[PDB]
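Here's the structure we're looking at; comments come further down.
Here Cβ is always computed from backbone atoms with ideal geometry, including for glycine, and neighbour counts include all displayed protein chains. Throughout, read-outs are computed from the coordinates displayed, never taken from laboratory work.
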Amino acid sequence: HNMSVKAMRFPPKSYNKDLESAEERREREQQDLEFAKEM
Amino acid sequence: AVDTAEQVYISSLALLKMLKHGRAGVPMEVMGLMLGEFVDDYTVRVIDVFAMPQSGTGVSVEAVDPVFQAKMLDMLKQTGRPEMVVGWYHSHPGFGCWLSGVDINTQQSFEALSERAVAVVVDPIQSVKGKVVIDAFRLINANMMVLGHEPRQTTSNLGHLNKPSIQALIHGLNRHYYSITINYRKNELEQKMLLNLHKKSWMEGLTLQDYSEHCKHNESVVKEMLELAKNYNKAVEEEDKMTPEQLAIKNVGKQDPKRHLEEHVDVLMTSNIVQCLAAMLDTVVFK
Amino acid sequence: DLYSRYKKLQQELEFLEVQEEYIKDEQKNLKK
Amino acid sequence: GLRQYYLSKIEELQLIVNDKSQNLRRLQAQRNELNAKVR
Amino acid sequence: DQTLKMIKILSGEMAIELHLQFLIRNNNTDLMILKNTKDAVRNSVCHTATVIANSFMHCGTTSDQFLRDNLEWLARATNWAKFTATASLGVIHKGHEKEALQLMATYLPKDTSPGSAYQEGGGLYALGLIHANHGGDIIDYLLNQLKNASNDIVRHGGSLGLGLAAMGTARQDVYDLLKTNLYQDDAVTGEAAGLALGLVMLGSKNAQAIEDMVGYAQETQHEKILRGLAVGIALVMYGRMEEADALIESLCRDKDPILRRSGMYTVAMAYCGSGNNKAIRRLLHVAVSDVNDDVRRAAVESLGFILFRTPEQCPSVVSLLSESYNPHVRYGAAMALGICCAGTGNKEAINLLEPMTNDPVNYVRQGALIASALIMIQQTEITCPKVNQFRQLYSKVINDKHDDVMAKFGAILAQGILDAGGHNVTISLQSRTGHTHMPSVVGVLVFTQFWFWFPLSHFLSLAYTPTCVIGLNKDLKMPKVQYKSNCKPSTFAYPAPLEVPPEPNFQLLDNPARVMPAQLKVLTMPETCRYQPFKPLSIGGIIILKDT
Ligand SMILES: [Zn+2]
């Protein structure tokens, strides 16, 4: 079991980018919440 | 003026009174008073909270009884130790926190005596562990709103740390009131005597756990674990097929053998090793 | 020079030992 | 004997590099998936 | 002479008023930028944010035209913005004895007597700001007024300016009224006494005074008195390498997160620039283990303070922490880059700080812009191309209405950081010798705490250091040298504002000439002039230029 654990964590690689949400859609969500606060 | 860095110090006991009294008569907006020493212009440290009984049927914050707070006020003067009223509270039950138009009226009746009385909401439903929904507020002058002048003159990056809710933003949290960043005062005198006392066993692990039925349960899991291992002899066989993201959406009607399998491995393991070691200590200890 | 080729290579052993301990602690603290 | 004294240290330390760096680059992706799960 | 020698080389005024000469001769700034930031007129931080920005970008140049254009927008915000307004004037008049009392003759507290005692009470703050590390009549003039004054409203600027002028001097006379400043049993004197009490005992490890401070910071009930002493007991010891570890263990063992945090500042100052294995075990460990956010922020912001000796190594370990779970370690990670690599145009660190402004937390967006400002001062497009990529970005985040005041606060602060002194001053926690520059170390560590006091990060003028060679032949006489360069000439690029309503490498330079420290090696020695330097020209500053 432990060898199936230790011979296993090399294919973790090329995990390039865990983007949170976006930048443009985050600013657009802030603009939509700004419209919800103005309304 | 203020610097919107007001830093309210309360307790470890008053929150307990707030959850108890806000929870006992929870669908009605219950209320009461706050009895603590007012420390200097920035901070306030309210060390005690005493509750006021209600007036009648109906969700309201109706009135105060100065007979009651007069007698109760001098009652602990000649029983315990003297303190001082500073603030007051009510309880938005399953709402969150804001100042309603009724709440701001009795708030306005309480800021007149001392200008730094505290408006306090407790919310005893949406609290789980790290949430409590408190957010003590206080009125701002609507005259300055007519002036178009922005108050409270930030000199410290201490008040703009928690973001206000959109629901209180619907209300007059700012246009009519402001938030205050708080924390809590605890000590080792309180931490140990509640840590060492809440979930404590007595002699329970020094038992055998129904010695005929432990091994009976040890078949009462394994028997259906066979058929679940037959589902593990089923679900692997449709691999190297349609891509496993379809094996993520497609399995939302029927159970998987993989997670359900390793569940009972943990169950059967922890059910056995504990009774195994606890069985063998008593041979040494008892004769 | 060639005398730097082992001292500068054990400096990154001083820097290299700590990392497995650090992610070793983050193994449990992400659970906690 | 500088070839057989000082250059004999070049050949040895690299073997420690060649697997401890593999240990790190395994373990940090192992951290990274869980941290993406956290956020 | 050899008798006047100790006055020439120990008082050292002929670098003070000669750097002041370099600032009064070299001044390349802009009014159009402050007219761009004029459009946000509202009663928020913005007034203090503009009058802190022109003080950040006009350090020691004595230029009162960006403040004297109006009176009403300057005096609009109140009760501490006038404290800040009389605070910001001394950095503008830094390093000059004459124009200290005579321009603030309006701002003496017994001449005008307005309704604001902060406009008149915060003057001695700036009197400490001008004559930091210059002990004269500033000590006893800032002492006799402090024997009899008001409450902790003039005592703030007098106590901080008095300890600042008496910084690291071990004076019993300032320790006298700092004792009775300490034992007031008051909250608002906490910053007043707790910071200067360590300032005057910098690097002294006076263990009876440590016992007074940490012995006093156990029974008091307020937090500013638990905060000024938290930095003071860090600041009493400086660069010890072993002589504080039982104290770091003692403060870290305590249940007080503020005092564990103060142990983190104290282990940060006991290991300045020091690659020591023992401190970074627990230093990094409690950055894991501890649960308060403040001690975690100081814990991850100890890293560049203990490892600014090698700026190549911290982007290998703090990039790993930029994606932490909480915005506190996410915030202190960006500032750990901003304290490690701020002297260099680190393309790697800018590569790390590029997505840091995208996070939905306002203050990590903020400190992304502070560290993004510290990374590229006096750098024009050729050390790294991200300079003008970010010049449009600070305007981009300051000219939006829907942004946070905090999120644009790193931009309006970043303008004064980024255009400092007409690109004549820079940060330097490090000399060419290998010895660190301790008033810039204290200046950046004290500059960290704008959380809990806004002009506590006004203590930054100690970090602004020039990059200018100076030739000299006699005690006073300027020479006439005009040397040149060899390498690519576009490195000598300028700010060059736009003002909307065949390539020379022989850059002839006068005696007060600005130059990049990377451009110290690209120049040509003067070989055809009458003057020839006896010293090999490798460091800037002032040198003898032997007339041959
Ligand atoms: Zn209510």
*Tell me, yes or no, whether region E:96-107 has at least one residue that is in a helix (DSSP H, G or I) and hydroxyl-bearing (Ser, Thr, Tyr).*
no
*Just checking, how many residues over region C:16-32 are facing chain D (nearest Cβ under 8 Å) and in contact with a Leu (Cβ under 7 Å, 6 or more places away or on another chain)?*
4
_Being within 21 Å of the chain's Cα centre (by Cα) and under 26 Å from B:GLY159 (Cα atoms) narrows it down to one residue among E:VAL361, E:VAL300, E:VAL291, E:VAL295; which is it?_
E:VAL300
*Every residue from chain C that is closer than 15 Å to E:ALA287 by Cβ and of a type in the set (D, E, K, R)*: C:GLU21, C:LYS24, C:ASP25, C:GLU26
*Restricting the search to region B:26-35, which residues are in a strand (DSSP E or B) and within 16 Å of the ligand (Cβ to nearest atom)?*
B:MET31, B:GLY32, B:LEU33, B:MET34
*asked:* Residue pairs, Cβ under 6 Å, 6 or more apart or interchain, first in region E:81-103 and among the hydroxyl-bearing types (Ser, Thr, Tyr), second in a helix (DSSP H, G or I). List them.
replied: E:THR84/E:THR48; E:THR84/E:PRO455; E:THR86/E:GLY123; E:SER88/E:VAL51; E:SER88/E:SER55
*Kindly list, by first and then second residue, each pair from a residue in region B:85-99 that is within 14 Å of another protein chain (Cβ to nearest Cβ) to a residue that is away from the ligand (no atom under 12 Å from the Cβ) and in a strand (DSSP E or B), limited to pairs with Cβ atoms under 6 Å and residues at least 6 apart or on different chains.*
none
_Flag for B:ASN174 being surrounded by 10 or more Cβ atoms within 10 Å (Cβ to Cβ), polar (S, T, N, Q) and more than 30 Å from B:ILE140 (Cβ to Cβ)_ = no
_For region E:209-254: of the residues being within 14 Å of chain B (Cβ to nearest Cβ) and either surrounded by fewer than 18 Cβ atoms within 10 Å (Cβ to Cβ) or of a type in the set (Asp, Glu) (or both), which is farthest from E:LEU456 (Cα to Cα)?_
E:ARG253
_Could you tell me how many of the residues in region E:146-174 are buried (at least 19 other Cβ atoms within 10 Å of the Cβ) and part of a helix (DSSP H, G or I)?_
13
*For region B:36-70, how many residues are acidic (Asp, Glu) and within 16 Å of the ligand (Cβ to nearest atom)?*
1
*asked:* Is it the case, given these coordinates, that E:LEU10 is touching a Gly at 6+ places or on another chain (Cβ under 9 Å) and assigned to a helix (DSSP H, G or I)?
replied: no
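One line per residue, one yes/no per condition, for (1) more than 14 Å from chain B (Cβ to nearest Cβ); (2) in a loop (DSSP other than H, G, I, E, B):
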| site | (1), (2) |
| --- | --- |
| E:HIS47 | no, no |
| E:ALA53 | yes, no |
| E:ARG68 | yes, yes |
| E:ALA77 | no, yes |
| E:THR84 | no, no |
| E:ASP111 | yes, yes |
| E:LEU124 | yes, no |
_Some residue of region E:68-79 being among the polar types (S, T, N, Q) and touching a helix residue (DSSP H, G or I) at 6+ places or on another chain (Cβ under 9 Å)_ = no
*Those residues of region D:14-39 which are farther than 22 Å from E:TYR325 by Cβ and either more than 13 Å from chain A (Cβ to nearest Cβ) or not in a helix (DSSP H, G or I) (or both), in sequence order*: D:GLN14, D:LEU15, D:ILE16, D:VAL17, D:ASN18, D:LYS20
*Sort out which residues of region E:353-393 are within 14 Å of chain A (Cβ to nearest Cβ) and part of a helix (DSSP H, G or I), and write them in order of number.*
E:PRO355, E:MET356, E:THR357, E:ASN358, E:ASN362, E:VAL364, E:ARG365, E:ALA368, E:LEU393
*Going through region B:74-133 one residue at a time, which ones are within 16 Å of the ligand (Cβ to nearest atom), among the aliphatic types (A, V, I, L, M) and in contact with a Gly (Cβ under 9 Å, 6 or more places away or on another chain)?*
B:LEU99, B:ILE104, B:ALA117, B:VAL118, B:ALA119, B:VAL120, B:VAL121, B:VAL122, B:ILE125, B:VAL133
_Pair list, Cβ < 6 Å and 6+ apart or interchain, from region B:153-179 residues that are more than 14 Å from chain E (Cβ to nearest Cβ) to residues that are among the small types (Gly, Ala, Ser) and part of a loop (DSSP other than H, G, I, E, B)_ = B:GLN167/B:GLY96
*Looking only at region B:188-210, count how many residues are among the polar types (S, T, N, Q), surrounded by 10 or more Cβ atoms within 10 Å (Cβ to Cβ) and closer than 30 Å to B:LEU13 by Cβ.*
1
